[PDB]
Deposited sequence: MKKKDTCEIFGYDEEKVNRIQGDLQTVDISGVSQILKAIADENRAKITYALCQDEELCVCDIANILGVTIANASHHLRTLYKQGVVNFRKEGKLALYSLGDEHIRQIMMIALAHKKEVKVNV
């Protein structure tokens, strides 16, 4: 084969982490509208579903659907239901991707 020891070791490294779960969580945030929601909750502490539907310019059903999806991945929490960021890890991923996207070259 080719570089089998290094390759087998990195496959091992991948097998020991939930790369699948990373893909799910990033996919949830990556949706245009869910990314807007996530950014919106980085700025205001809590929003209700109607605020979110109006901000996004989408139906209340669509916003509910988007919040359900974020909720399943811990991206948002709820406490009328008011939504907030799941935790500080979500805030940091947002701010880091935004910083990275401003770089030149």
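Gaps between the deposited sequence and the modelled coordinates occur at 1-10, 90-93, 120-122, listed in sequence order.
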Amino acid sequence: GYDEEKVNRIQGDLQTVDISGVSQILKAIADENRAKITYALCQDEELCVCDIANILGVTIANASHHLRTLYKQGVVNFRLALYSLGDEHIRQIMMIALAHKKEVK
From here on, numbers count along this sequence of modelled residues.
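Look at the mean CA B-factor for 36-44 and for 51-59 in the entry; the higher one is 36-44.
When the mean C-alpha temperature factors of 81-89 and 6-14 are read from the deposited coordinates, 81-89 comes out higher.
In the PDB entry, residue 73 places in the highest third of its chain by CA B-factor.
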